[PDB]
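Below you'll find the structure, written out as structure tokens, and then a few comments.
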2 protein chains.
Amino acid sequence: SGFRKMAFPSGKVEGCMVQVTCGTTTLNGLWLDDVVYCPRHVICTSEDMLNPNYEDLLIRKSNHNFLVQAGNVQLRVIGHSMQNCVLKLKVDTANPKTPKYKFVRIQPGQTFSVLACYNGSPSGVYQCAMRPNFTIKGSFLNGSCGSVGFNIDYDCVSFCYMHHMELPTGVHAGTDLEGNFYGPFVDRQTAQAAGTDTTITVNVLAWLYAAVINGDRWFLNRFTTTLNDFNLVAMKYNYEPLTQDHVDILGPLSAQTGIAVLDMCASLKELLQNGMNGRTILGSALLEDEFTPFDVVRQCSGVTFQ
Amino acid sequence: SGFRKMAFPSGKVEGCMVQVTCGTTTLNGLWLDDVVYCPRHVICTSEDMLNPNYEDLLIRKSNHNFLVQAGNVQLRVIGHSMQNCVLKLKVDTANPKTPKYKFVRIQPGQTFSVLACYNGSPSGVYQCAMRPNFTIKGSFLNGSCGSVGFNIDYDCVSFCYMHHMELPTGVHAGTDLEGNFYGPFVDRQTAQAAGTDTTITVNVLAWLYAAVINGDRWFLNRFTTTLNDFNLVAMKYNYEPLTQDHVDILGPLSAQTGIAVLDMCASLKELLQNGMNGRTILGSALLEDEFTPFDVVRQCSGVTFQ
Ligand SMILES: *CCC(=O)N(c1cncc(Cl)c1)c1cccc(-c2cccc(Cl)c2)c1
Ligand SMILES: *CCC(=O)N(c1cncc(Cl)c1)c1cccc(-c2cccc(Cl)c2)c1
């Protein structure tokens, strides 16, 4: 037992991280087969980043303007192209550590692991959720651009996130690996800001089931509620609506604990209206919304990856 | 910015995990050079685990009684020996993925990353602290024995923990990699229990500095306190004493924030006596004690590992 904010093993992604340098700008790239992926604003200088025309900026570049370092070994760039907000650097060497992979775009509410890196060198790994406002509450310093987010399914890495920027509230914005931003953000220096967020209701319910599996039961109660009447309370507390599909997804967890989904909704309702009254759930004094039903089943049942 | 519970990249340890089987017992082993390390109770059956004589049990075993699986490849055991509570299985093949490593024993209060595994297959990675009572609040299911904890310093893996067992409160006990238990626990099935814990004061202070670095300042105040007078309050709230050495270790963080250590102690005093009053610090409604001063400096400054 126990319940932790658990990341996927990072090895398969570590073998893909490289350093990309263009001018005085250095950031991280992702090396898969003979292509290196990185944020396109690598080609921008300080004054370029104000209001850039990336097509003009890139045509002015040569292959030799891009230095790629894989460890202490240099990769020769033989081609380059722009795909939306990412660069694709064609290198003469295919990465022998290329795992089986996919490029997938995730939904707000879904989680992933982030391998934070600097200068192509992995620093740490942690678990994040895509917020409803399409930001992530990451941990990123200067130089972390090009760090990627991902999930692993058996042996296949599904890349879902490339880090680009920090917004003024200290949260982070980026793209999928096709270079399409998550949310209404651009790779220019404007006054863009996050905009209002909500709590991921289905994930909170998943975590309450995690707690019951792990022995926390004080918040349970005999009452029940209708889906409609729960959603009336959810809206009042800035929680997003619960759907019949969310109820279905919570089915296995319900059946394992013997607590009907709508019964857990009644408990969440009471926790929202009364607070937690000095008690804790899975070591938290707040309702936690960054574990999915998938995450709870994986951790409380024990699936591995090879 | 941002602040996450960050683990070390796990790749270097993933390449060392193997499956060890003896009879019907299967658990994880750590393969370094030509030795596989694993919990000695791998040789125990259900009835053996009651009150075992491990020396008697082991002399009854042959090399061929130990099946080691490194992926889909079998390692031939050519020797075996007991070192305290771990087994050392001599195999005919040295692990070509052996990183530079050390076997280190950590102190309560120190943190480490755990690579949870099942059947020699890594499942997830997360960050833990050695509690003052020598347990860890892990996340472990049946089959996780032999999973290891570790830190990484540039390129060298310092192994500090091998998982052995779960205690009745759902916390976890294990050994260092020389097989010496952390705390007063044994690898037999007795009524052993955790025993009373405390909060890691210096770590809470480190995290308050993390918060100030990251823009949370509401808990600051003009007052100060003496080290003695703070420790009088710490004892009352089950916090462990703060030493002059802890104050020294907090020096860099103090100097970076401009907040004297004893001034932060005054703030912690007020937070202990008044609570948090519906506010949060770094996304937490509790005082968090599982980041060290080292951890805060690493994450808020940005050190990598190669
Ligand atoms: C781009 C690399 C990077 O990691 N940057 C960064 C990311 N997270 C946190 C911090 Cl503190 C910095 C970064 C550095 C400078 C400027 C930007 C930027 C500005 C405007 C638009 C974009 Cl897409 C990026 C990012
Ligand atoms: C030993 C492998 C293992 O992982 N075990 C376990 C660990 N963490 C959590 C759980 Cl739920 C199980 C384990 C399984 C059965 C018995 C023990 C045990 C009992 C008494 C002494 C010891 Cl050293 C181990 C451990």
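Numbering of chain A is taken from Swiss-Prot, so the residues present carry the numbers 3264-3569, in order.
This deposition comes from X-ray crystallography, 1.7 Å.
Heads up, the Cβ atoms here are built off N, Cα and C, so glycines get one too.
When A:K3353, A:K3499 are compared in Swiss-Prot, the ubiquitin cross-link annotation sits on A:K3353. In this structure, the recorded positions that sit close to ligand 1, with a C-beta under 6 angstroms from any of its atoms, are A:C3408, chosen from A:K3268, A:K3353, A:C3408. Around A:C3408 (active site, nucleophile), the C-beta neighbours below 8 angstroms that are at least 6 residues distant in the chain are A:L3290, A:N3291, A:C3301, A:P3302, A:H3304, A:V3305, A:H3426, A:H3427, A:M3428. Each of the recorded positions A:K3268, A:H3304, A:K3353, A:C3408 was checked for a CB under 8 angstroms from a CB of chain B; the ones meeting this are A:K3268.
Summary: among the recorded positions (A:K3268, A:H3304, A:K3353), the fewest other C-beta atoms within 10 A of the C-beta are counted at A:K3353.
Between the CA atoms of A:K3268 (ubiquitin cross-link) and A:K3353 (ubiquitin cross-link) there is a gap of 36 Å, rounded to the nearest whole number.
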